[PDB]
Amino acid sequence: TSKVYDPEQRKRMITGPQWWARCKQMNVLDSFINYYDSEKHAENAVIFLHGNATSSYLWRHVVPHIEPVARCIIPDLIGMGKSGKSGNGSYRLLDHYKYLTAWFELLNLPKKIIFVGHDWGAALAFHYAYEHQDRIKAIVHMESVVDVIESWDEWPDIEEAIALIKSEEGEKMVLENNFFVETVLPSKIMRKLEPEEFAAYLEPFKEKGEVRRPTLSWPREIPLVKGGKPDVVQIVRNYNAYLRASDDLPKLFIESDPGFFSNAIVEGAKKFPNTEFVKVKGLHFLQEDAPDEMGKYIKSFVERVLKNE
């Protein structure tokens, strides 16, 4: 089987260098963060957080829909995109969180922030919200780390896939063979990326070896109650209980159609009160298949949240 280019895409395409040239850099702790900032309408701030394999580039066709209503800020997570590397060489959830919260202190943010999170980016937003419950205006999430995975909800294939990723063979398939960028990322986009679009995702990870570490460390954080990192399992338990009780926090969940092993994500999202549910085309990296539908849904949700405030 083969996937097909979107025959109109080369005409609104944004290449890697075009996106990076629009970004800014800021020293943060012992490193630096590369980020997009639309600047205008700073009375609000919408912070878009990518997850594994990607970067701020993931949001390039989503963010123009929301810029007219609020300042939009989109970082490359540490070790990813064009950001600096992690000073301690480590790329666990809490390492990412250290740089993200330090970076927030430098951004002149409003008291209450809107988060838009994908995959592990949503975990970062959820954990920030749990620790800063008075700083959250709304949360948009999609393909998100909503809850732990109990052992009776863990089937053998996911058990063995995580065993593989936690083994030396898993380390080599990522660091030497770039599994998550070269295979997982295009496999979970329904269209075929233009060569220049794929090159933007490849570029941070084009060389072999340790530079690819964040794309191995993220799946190793998976919150399997059986065998998963205990600190991450507790972080996710804590913010899941907070989200289940957060009746006054407006949320938007963007469901993928058909998604990819996403049923537990959708079911977990349904346990959070005050959630608007929408659906767009996609597998996992749904920004690449339905960015304008997503941007329109988020724009309408943000306008409704601001109007009702």
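Heads up: residue numbers just count along the shown sequence, starting at 1.
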Notebook entry, point to check: With respect to the recorded C-alpha B factors, which stretch has the higher mean value, 64-72 or 47-55?
Noted result: 64-72
Note to self: Quick check on the record: does 127-135 or 74-82 carry the larger mean Cα temperature factor?
What the structure shows: 127-135
Notebook entry, point to check: Quick one: which of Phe261, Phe32, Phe253, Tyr36 has the biggest Cα B-factor according to the entry?
Noted result: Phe261
Next item on the list: Please pick out which of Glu203, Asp119, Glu159, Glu197 has the largest Cα B-factor as recorded in the entry.
Entry: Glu159
Margin query: Ranking the modelled residues of this chain by C-alpha B-factor as given in the entry, is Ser187 in the lowest, middle or highest third?
Written below: lowest
Item checked: Position of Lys208 among the chain's modelled residues by C-alpha B-factor, lowest, middle or highest third -> middle
Next item on the list: State the tercile, meaning the lowest, middle or highest third, of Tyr91 with respect to the CA B-factors recorded for its chain.
Entry: lowest
Next item on the list: Sorting the chain's modelled residues by C-alpha B-factor, tell me whether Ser300 ends up in the lowest, middle or highest third.
Entry: highest
Check: Against its chain's modelled residues, does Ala102's Cα B factor rank lowest, middle or highest third?
Finding: middle
